[PDB]
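Chains, contacts and geometry: an overview
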Amino acid sequence: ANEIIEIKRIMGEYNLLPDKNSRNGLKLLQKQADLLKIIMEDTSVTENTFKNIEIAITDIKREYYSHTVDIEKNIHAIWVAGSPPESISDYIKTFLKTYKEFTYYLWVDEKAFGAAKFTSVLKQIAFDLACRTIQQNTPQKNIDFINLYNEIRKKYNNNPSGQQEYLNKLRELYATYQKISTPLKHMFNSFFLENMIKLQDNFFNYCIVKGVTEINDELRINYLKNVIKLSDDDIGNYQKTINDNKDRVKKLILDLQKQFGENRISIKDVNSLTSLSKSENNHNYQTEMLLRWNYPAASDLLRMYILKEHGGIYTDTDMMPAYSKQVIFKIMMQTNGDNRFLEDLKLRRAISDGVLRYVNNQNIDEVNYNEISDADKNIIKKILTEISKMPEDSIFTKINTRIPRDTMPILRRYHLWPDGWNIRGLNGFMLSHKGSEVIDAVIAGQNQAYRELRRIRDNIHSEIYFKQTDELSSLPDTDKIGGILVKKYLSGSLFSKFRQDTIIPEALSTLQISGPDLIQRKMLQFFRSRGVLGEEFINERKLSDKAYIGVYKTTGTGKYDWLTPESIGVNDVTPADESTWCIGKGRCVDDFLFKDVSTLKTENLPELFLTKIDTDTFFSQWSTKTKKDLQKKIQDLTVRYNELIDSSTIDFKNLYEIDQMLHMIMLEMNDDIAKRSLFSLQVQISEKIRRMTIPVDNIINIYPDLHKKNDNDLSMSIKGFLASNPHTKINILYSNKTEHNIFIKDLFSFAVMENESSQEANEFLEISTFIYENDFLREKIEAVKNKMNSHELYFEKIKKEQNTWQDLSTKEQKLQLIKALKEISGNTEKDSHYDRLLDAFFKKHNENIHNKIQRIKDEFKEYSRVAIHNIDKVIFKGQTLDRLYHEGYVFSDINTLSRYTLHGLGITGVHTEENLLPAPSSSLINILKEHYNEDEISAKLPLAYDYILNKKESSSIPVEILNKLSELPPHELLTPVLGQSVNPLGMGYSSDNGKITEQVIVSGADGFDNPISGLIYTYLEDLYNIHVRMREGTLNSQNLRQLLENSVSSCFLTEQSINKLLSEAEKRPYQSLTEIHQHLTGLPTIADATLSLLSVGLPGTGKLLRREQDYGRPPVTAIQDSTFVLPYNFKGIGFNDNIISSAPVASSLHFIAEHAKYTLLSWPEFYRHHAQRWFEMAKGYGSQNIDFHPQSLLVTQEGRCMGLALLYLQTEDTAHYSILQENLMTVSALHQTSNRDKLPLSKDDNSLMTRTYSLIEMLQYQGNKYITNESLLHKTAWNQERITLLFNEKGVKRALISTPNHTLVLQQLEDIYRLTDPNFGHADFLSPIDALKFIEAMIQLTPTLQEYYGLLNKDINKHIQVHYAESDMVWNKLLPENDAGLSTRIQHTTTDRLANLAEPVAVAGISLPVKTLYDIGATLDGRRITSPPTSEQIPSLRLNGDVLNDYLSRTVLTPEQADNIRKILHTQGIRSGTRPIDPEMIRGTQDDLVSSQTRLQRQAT
C-alpha cells in the first residue's frame, strides 16, 4: 500500500513541474521505475495475471522518455608546455572550419610553465634518497647499478654540451637497471613513490607556513632555493623556459585570432576555475604535476574541471573530425574490394595526413609515406587527388549535438592490431553540459583514486611485498605505479622504439590512475545506481554501445560497416599521434633541469629526516636581532623537545607545554628563517603524533534500532563477530527509557493531530486521495510538523507528573495518562481512541521491544561473550545523559550521545549504531577471485557470508566454492576487531569520500591516556547547558559568554556564532544537541569539532593538522584500515581502504589443550625446576653474560608467547633492552600482586598493567599473522649452517625461532648475539653457530620442558621454523613504535614515586612517611592513595585490610612503628569491603647484637 500511495504522490508531483527535463524529474522517474520493479518482482498477492506483468513492462517502456538537453557551443583544449605551435595550429584550424558556431578555448596554465623543471628536480632528489636508503639497507652487497648511476652523475660535468649525452647515458643505464633482483626492484619502486609523496607534502607545508593561497612559479623557485642550493644560472634557465612558453602561446593565439577573428578562438586561464582551489579536491592538480608519466598528454583532472565548469566538447589537440559519407565512399571507389586502406593504421594515417595538408592549403603530396609499399603509395596519391578535387567544407562531418541529461559520451576507438580488433574507450574526446552529475561522480572517483594511491605513506602498517602472483582489472597497486615511474625516470620517455603491439602499451592504460578506465568504471557505477532506467546503458557488466560515441556497426558480416555508424565520432588516427612523438618528432628536452643533490638541506626536510636540535647549528641562519632574544628559550627548550621526539610514549602534559610555548615564540617574533625552523619543529611534532598508534581492546558495541522490521542483519553481525575471533566480547546496548519516551512522544503527537485491516487501509487511501483532490493538499503538511514540534515543546514546558515521572509504571497509572490525553485533545468526547485502542497500542509497543530483546537473548544464551546491557543501569545518577533521559529526549542523535557517555564511563572498543560485519580476509577474496571477477565480488560477498555463518547454501555460487569455504575455519576468513590500531589522540572515526562521520567510533585501549574523551565530556556538558538555556527562553550574549567562560569550548565564540545562536533560539527554542553544535561551531558533526577543541591545548600542531587535511592528507582522527563493512553494499569504512583489493592477511590463531597446566599458583614450578639446568646448558656452550628475568604474565602458551617475543625485537641496543627487561619485571610483579593475591592496585599501577596487556595481545595477534605469511617474512626450516650463513653472508640482525608452542628471539645486539627466551631470560654468544647449537640443546633439556614446547616425540629439524626479513625497516614497519614507553622510559611503581619524595605527613596525631602509609594501604573512596593527603582528607582516609594483612605477612615491623600503626588502626577504621585483622604487630625476635655490630661498622666507615 505504501508503494501504491508513493506512486500516486510521484505522479501527482511530476505532472506539475516548471520543467520536467531536469534533475528532480529524472530522480522521480528513476525511483518510480525502481519501486515498480520491486512491485512486479514481489509476489505479495500471488503473481497476479500475466496481463498485469505485461501492463507493467509496457508502462516501464513508456515512462522512460528522452529528456534531451542541448550542449553548450564550446570546444576546449589544454595547452601543454613545450608543444610546438605549428603542429597544433593545423588541428585548431580544422576544428574551427568544421564547427562554424562553436567557440574554441585554449586553456593555459600561465603560472606553471616551469613546473616541468621543478618536478624533475624533485624526481631526482627522490631517486637519490631512495638509492642512498637502499645502499644503506644492503651494506653487505655492492650494487653496481648505484655505482654506475653515481659515476654518471659525477661525469655530467659540462651542462650545455652534455645534457643530451647524460640523457642517452641514462637511457643505456636503464638496461643495466633491468638486471637486479626482483626484491630490489620492489624496494626502488616503493621508496621512489614514497619519496615523491614526502617531497610533495614538504612543498605543501612550505605553502602552509608561507600563507599563500595560490601556487605559482616564483613560489616554486623560492621552495627550490630553500631546499637545494639553486644558483642564478638555474633561475635563468627556469625563466628562459617560462618566457619561451609565453612567447609560443602568444604567437599561436595571435596567428589564429588573426585568421579567424578574436571572438571564435580565445585563451582561458585555468586558474579561473573554482575547482582548483576547492577543499574537496585538496589540490590533486599539483600532485598530478608530479605523479605523471605520460608527459606529452594533457592532465586528466583539468578535463573534468573544464567540462563541469563551462561544459561543451573537450578535444585533444591531436585529433581531426571524422570524415563524411562522401569522403568514405570515394575512398572505397578508389580501392575496389580492398578494405585494408580503411582498417590498417599506417594507410589511414597517411590518408589523414594528406587530407589535413589539403584542408590547410599546404603541399599535398609532401606526406611521409614511410615504410609504405609503392603500390599503396600510388593508390593513396590517387585517393588524395580525388579528395582534393572534391570541394572543402564537406569533408568533415559534425558529431551529434543533442545529449541525454546528465551523461558523458566517450569516444570509442577501433584499431586493427596483428592479433585482431582492439576496441577501447578514449578520454581524448568528451561531450557534456554545464554541471552534470556524471562529471561529479567521475571527479569523486578521481579523488578516491588519488587517496588510494597515497596509501604507501599515509598508512604506517602497509604491505611492502605482494609476490605479484596475479594482478589484473583496475590495479591501483603501488608497486606497478612505482615501476612505471622508475621506467619513465630512467629510460628517457615511454613509447621508445617499439611498444608491445602497434606502439600501444595497454598495460599503461589499465594502470593509469585517472585514465579512461576509471572514467568507464565510474560511469558504469553511476548507471547502475540510476536504477531500471540504467540497464539500457548496461551490457553484461560492461558499458553498452549507447554510452560511447563514434560506435560502428559490429555486424558487417566480416569486419565493420564504415558507412553508417550508430553515432558519429572523430578521426583519432592522426599523423601527430604518439607514433611520431616517440621517435620522429624531436623529444622535448627543455623539461629537464640537472641538479646535484649533494648539497641538500637535510635540516629543512622534517618529513624525510628526523633531526634533533642543538645549540650549535640550529641558529646558524637567524638574524642577530632575534638571536640573543629567543635563542635562550630554544636552548632551554632543547632538553625537553629532544626527549619528546625520541620517545616511545606521548606525555600529553609535556606535549601541551612544548607546543604552547613554541606557538608563543611564533606569535611574538618577526623573522622569516627562524620562523621556518620553528615550523619545521612543529611539523616534526605532528609527524611524531601521526606515527604513534595505540591498540583497541577487542570489544564491539552495537546500539541497534528496535523499530526496524528486519532483524536478521543484527543476528548476522553478532554471529560474524562471534566467529571472527574466540575472544571478542560483544555488547548490545539499549535503553528502556528511550523507547518509553519515544512511545509517549508518538502518543502526544497523535493526540495533537487529533486536535487539528484491509477496510482501514481502504478508508485511509480514500481519505488521502480526497484530501489530495482539494485544498487540504499542499497546505497543512508543514503545518502538521510545525504544530507537532511546537506542542512537543509546550508539553515539555508544562512539566507535570506525565513529564517528570514520564509514567514509567503504566500498570495502574494509565488512568491519569488517559485523562491528560483527553485534556490535551480537542475532541471533548469519551473513548475517542483513548480509553480504547490506546491500551492495545501500549501493549503492542512493550511486547515488540521486549520480544526483540528476548529473541536476541535466547539466540545467544549459550555464548557468555554476548552480553545484553541496559544503558539506564550503567550510567550514573545526575549525569548529562541521565538528565536527558529524565527530562525526555527523543532526537535521532540520542544514540550518539549514549555512545559518547558510555565510552566516558569506561567501556572501550568499537561503538557503532548499524550492524557492522568483519571484513573479508585475503584468503576469502583469493577463493572468490579464482572463479569470479573483481567487480562481482562486492555483489557475491553477501551470499558467501550467509553460507559461512548460517550454512545456507545458494544456487548462485558454484559448489566448488562452497566446498573451499567450508574447508577453512571461519576465523581464517573474517577479520577480527583485535589487531586494529588508532591514533594516540584517542577516539578514531569512520569516513566516507574523505569526510569523517559518526557511523563507527573506535576508541583506544583502556589504560592509555585519552584527551578526546575528556574534551567530549566537557563539551557535551556545555551543550546541555546551552540546551537548557534555549529551552527556558532566557538566553542572550552575556549569559552565553558567562556560561562558556571557563570551558575549553570558547574558541567558537565569535560574533556570527552569537547572532546565529540567538536567531535560532528566537525561531525554535527546543532544539537538539547536535543542531546546537552545528549552529555554534558551523561543523556538521561532533567528530569534526574534536580537533578544534584540541587546538586549544595544541595551538601550533592542532592548526597544522587541521590545515593539512585540505592538502591531500588524512584527518588525524580518521581510520586507515577498515576491518568492518556495511551490510548493504560491503564497502570499507576506512579513509583509503578498498576491501576487495587490499584485504588484510588472515591470522593463524594458536589453540592449546583444555587441561593446560601451570595455573597462576603453579606456574613458578617450571622456572623452579628448569632455571639451574638452563644456566648450566648456557655455560656449557660458551657465554660470558647470562641474565634471568622470567615472566609471569602468560602462564599458558596461548599465542606461543609471540607478543613478548616481539617486544624483545623492538629493542636494538643494550640500554633499551635493559630498560624493557626491568619494565617487564615490574609489570610481572604487579600482575602477580594483583591477580594471584587478589590485592587491589593503585590507579597508576593498574593502568600500566592494562597498557602492557593490551600491547601484548596486539603484538601476539600481529606476530601470529606475520608468521603464517610468506611475502612478509621468509620462513625457513631448521638448518644450522643455513642460519649461520644467513647471519654472516646475507646479513640479518633479528630472527624469530618458532616452535609449535613457543617463540625465541635471536638478535645481533652490538657484536654479541643475544638469544632471548621469555622464560629464563637471555644468553649472549660471540658467534651465531654457538647460539644455534644452544637453541637445539635447550629444546632437548627436560622431557617436561620439551613436551611443554610441543616438541615431544617429534623430529626437531622439521618442527622448528626461523622467520626473518630482508631489511630492518621491514621490522620497523611491522613493529609499532608506540609501546607505552616500555623500551625507552623506566616505569616507576607508585611505591617508588612515593619513596622518591621525603615528606612525612601528620595523621592521627603522629608522623608517618607517605611510603609507609601507602604500604599499609589507605583507601580514599575505595581507591589507594597516590598523593599525600591534606588536612581535609585525613578524617575520610579509611584503611585496607587485605593489603595490611599481607604487609604484616611480609615485614617484621619493629615496635617503633608498630605502635604508630596501632594508633592509626584504632583512630581510623576498616573499609567494609576488606576483612578485619587482629593487632599483632610486635617484634622481639633474636638479639640486637648484630644490630650493634652493623651500626658500629657504619659509624666506622
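Residues numbered from 1 in each chain as written, not as in the entry; some residues may be left out. Part of a larger assembly, values for the part shown. Heavy atoms only, no water.

Structure determination for the deposited model, as stated in its record, used cryo-EM, and the stated resolution is 3.3 Å.

The name given to the protein chain in the PDB entry is Lymphostatin, with Escherichia coli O127:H6 as the source organism.

**So, helix α42 (residues 1086-1097)**
Under the convention used in this document: Counting from the N terminus, the helices are the DSSP runs of H or I reaching at least four residues and the strands are the DSSP runs of E reaching at least two. Helices are assigned an expected span. That span is 1.5 Å times one less than the residue count. The cut-offs for exposure are 20% and 50% of the maximum accessible area for each residue type, with area from a 1.4 Å probe on protein chains only; residues under the lower value are buried, those over the upper are exposed, and the others partly exposed. Residues count as neighbours in contact if any of their non-hydrogen atoms are within 4.5 Å of one another.
A rise of 1.5 Å per residue sets the reference length of α42, with its twelve residues, at 16 Å; its end C-alpha atoms lie 18 Å apart and thus fit the reference within 8%. Counting buried residues along α42, nine of its twelve residues qualify, which places the element largely inside the surrounding structure. Among the residues making up α42, those that are buried are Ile1086, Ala1087, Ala1089, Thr1090, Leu1091, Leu1093, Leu1094, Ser1095 and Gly1097. Buried residues along α42 sit in contact with α23 (652-667), α34 (894-905), β22 (995-997), α38 (1011-1032), α41 (1073-1081) and α43 (1101-1107).

**Some words on the packing of helix α33 (residues 880-887) against α34**
To be explicit about the condition: To get an axis, fit a line to the C-alpha atoms, keeping to the stretch in contact for a helix; angles then go from 0 to 180 degrees between the N-to-C directions. All amino acids are sorted into three groups, where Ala, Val, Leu, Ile, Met, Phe, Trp, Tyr, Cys and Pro are nonpolar, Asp, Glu, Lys and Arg are charged, and the leftover types, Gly among them, are polar.
Relative orientation of the contacting elements α33 and α34 amounts to 145 degrees, with a least axis distance of 9 Å. On α34, the residues touching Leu881, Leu884 and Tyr885 of α33 are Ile894, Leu897, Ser898, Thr901 and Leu902. Among the residues making up the contact of α33 with α34, the classes are represented as six nonpolar, two polar and no charged.

**Here we look at the sheet that holds strand β16 (residues 729-734)**
The strands making up a sheet associate through backbone hydrogen bonding, with each pair oriented either parallel or antiparallel. Selection criterion: Any two strands with at least two DSSP-identified bridges between them are counted as paired.
Read across the sheet, five strands follow the order β17-β16-β15-β18-β23 without closing on themselves; strand pairing throughout is mixed. Every interior strand has two partners, whereas the edge strands, β17 (867-870) and β23 (1000-1002), have only one. Each adjacent strand pair in this sheet contributes to an overall mean axis angle of 20 degrees, direction not counted. In the sheet, strand β18 (residues 910-912) pairs with β23 via three bridges, with the strands oriented antiparallel. From the neighbouring strand, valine 910 faces β23, where its bridge partner is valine 1002.

**Digging into helix α4 (residues 85-98)**
Every α-helix carries 3.6 residues per turn, so stepping three or four residues along brings you back to the same face. Between its terminal C-alpha atoms α4 stretches 20 Å, which fits the 20 Å expected from 14 residues at 1.5 Å a residue. The buried count for α4 comes to eleven of 14 residues, which makes it a mostly enclosed element. Every buried residue of α4 is accounted for by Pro85, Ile88, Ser89, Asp90, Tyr91, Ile92, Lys93, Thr94, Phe95, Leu96 and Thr98.

**Regarding the pairing of strand β8 (residues 410-417)**
Burial of β8 is extensive: seven of the eight residues sit out of reach of the surface. In this structure, β8 lies alongside strand β9 (residues 420-432), joined through eight bridges in antiparallel fashion. Looking at β9, one finds that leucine 416 is bridged to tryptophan 421. Linkage of β8 to β9, two consecutive antiparallel strands, is achieved through a turn of two residues. Looking at chain direction, β8 and strand β12 (residues 548-549) are connected through two bridges and run parallel. By the bridge assignment for β12, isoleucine 410 is matched with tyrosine 548.

**A word on the packing of α23 against helix α24 (residues 673-691)**
Each pair of packed helices gets described by two things: the angle between the helix axes and the distance between those axes. Short version of the rule: By the definition adopted for this analysis, an angle is roughly parallel if under 35 degrees, roughly antiparallel if over 145, roughly perpendicular if from 65 to 115, and oblique otherwise. Crossing handedness follows the turn of the near helix against the far one: under a right angle anticlockwise gives a left-handed crossing, and clockwise gives a right-handed one.
Two elements in contact, α23 and α24, have axes whose closest approach is 10 Å; the angle formed by their N-to-C orientations is 155 degrees. Considering their axes alone, α23 and α24 lie roughly antiparallel with respect to each other. α23 and α24 meet at a crossing whose hand is left-handed. In contact with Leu655, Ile658, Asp659, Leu662, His663, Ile665 and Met666 of α23, α24 contributes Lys675, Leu678, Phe679, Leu681, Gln682, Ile685 and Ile689.

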